[PDB]
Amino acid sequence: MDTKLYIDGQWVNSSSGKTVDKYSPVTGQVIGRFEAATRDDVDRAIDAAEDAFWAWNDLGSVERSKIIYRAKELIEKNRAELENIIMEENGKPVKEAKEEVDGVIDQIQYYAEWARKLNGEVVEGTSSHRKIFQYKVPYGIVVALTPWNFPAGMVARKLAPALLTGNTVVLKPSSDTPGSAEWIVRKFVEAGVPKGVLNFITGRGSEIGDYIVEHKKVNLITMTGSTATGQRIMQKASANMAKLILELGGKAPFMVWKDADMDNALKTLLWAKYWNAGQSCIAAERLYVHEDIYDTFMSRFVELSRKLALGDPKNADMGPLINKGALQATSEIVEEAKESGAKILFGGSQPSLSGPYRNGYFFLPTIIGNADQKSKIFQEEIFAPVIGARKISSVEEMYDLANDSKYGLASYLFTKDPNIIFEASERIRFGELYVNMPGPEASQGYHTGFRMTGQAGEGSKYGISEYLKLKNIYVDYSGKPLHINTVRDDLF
């Protein structure tokens, strides 16, 4: 797929004509290309979103929802095409690609269903002949910045609420996964999104990234990705005071109390660690097992991890890392751990793979013992199929080790003690706590976190409302002379 830009109702090339090649993480083969958009291209996209705003707002949420549901229908009817794009660009195992596309469909539906239901308020004024009307209206122009790890799902998650609520949009996907975004945009276009309401820009984040986020006409930035990019966005958005929705991943503690159902905890850990090869904002990143069951738990964890097949999406349990850079950084992480004295219980390198897969970015499930609570393995995001384990003995210690993190997104807890479950619901200072089940998050949840997770959140009533600004209209209908306490009446 050679992708193009979509600006002011047309598919076009970059004004510079420059492009960037895309490689399969499965095989290493070059498989596509995208347009490297210029700054003038960004301006034209943002101005098109400005010019389309008032007519799009004025349509009302019901007419907007019809277009969004038509998009969903077109996506569902042609879903195989999107599943194949994900498998090609990301190397996801087939069931992960199908689930992701199921999630695009579920999310678009969920958000469109908010039509005419996100009410404003009427409150008492300062007299019987005054009222305060509180309208909820759109922010205006939304810049959507999507990551590579859930390249279809994150696009649906941001576009759907933004459009429903009456914002116009400029979308820029990750440079590793332009194809899934393009395909979704084209579906909204086919469904009848009007000229300029939805724009699509690809390019080097290092050439246009700051420029998009600091532009004077941008009202809201919705973004998922790395901590360092998020920090940079918040710095640059000081220029326009844009509203920020930022999700920057985490370092989820996976906590197994002594009374855990072992099979359910292990099932959930295979999912939390190895789903999408650990390239998940909610991946298990630190494992804490009660000392009474640590040895059995770890023996089983290692035995199951060894049975995971890596390779082609048609048949594998786990896919590859996204690019050569992720593979290099994962190798460095493993070597730093070994250099600090950690002990590798399984994995710690690339697999030995046959045919075309020998050239993809595969990395083995990797399980570490003997790493300190204070170590990089336990304090810095890995985003790869690597995890360290440690023993725990008390509930208070469990909460502290968990909360001892600059991150604050997801967490997992396995236990049958009700007092721990109800107490952890406040003491575990993470945005999502999964008790005796796996993620992922549901659309009806508010996906957010504490500390370095980011700003605001997504999903639920509160998530979609993040795309609406509340404004106040103070009316006096007494029809009588005003009396103002500090304005002498003696003047009138």
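In this text, residue numbers run from 1 along the sequence as written.
*Asks:* So, looking at the entry's B-factor column for Cα atoms, which has the higher mean, 335-343 or 172-180?
*Replies:* Stretch with the greater average CA B-factor: 335-343.
*Asks:* Look over 223-231 and 358-366 in the entry and identify the one with the greater average Cα temperature factor.
*Replies:* Between 223-231 and 358-366, it is 358-366.
*Asks:* Which has the highest CA B-factor per the PDB entry: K158, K314, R130, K273?
*Replies:* The listed residue with the largest C-alpha B-factor is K314.
*Asks:* Using only the C-alpha B-factors in the record, can you name which of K77, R116, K136, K243 has the highest?
*Replies:* The record points to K77.
*Asks:* By its CA B factor, does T296 count among the lowest, middle or highest third of the modelled residues in the chain?
*Replies:* Within its chain, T296 is a middle-third residue by C-alpha B-factor, going by the deposited values.
*Asks:* If you rank every modelled residue in this chain by C-alpha B factor, which third holds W11: lowest, middle or highest?
*Replies:* Tercile = highest for this residue's CA B-factor.
*Asks:* Ranking every modelled residue in this chain by its Cα temperature factor as given in the entry, which third contains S478?
*Replies:* Its C-alpha B-factor belongs to the middle third of this chain's values.
*Asks:* When the modelled residues of the chain are sorted by Cα temperature factor, does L433 land in the lowest, middle or highest third?
*Replies:* Bottom third by C-alpha B-factor.
*Asks:* Relative to the other modelled residues in the chain, which third contains the C-alpha temperature factor of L409: lowest, middle or highest?
*Replies:* CA B-factor rank for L409: lowest third.
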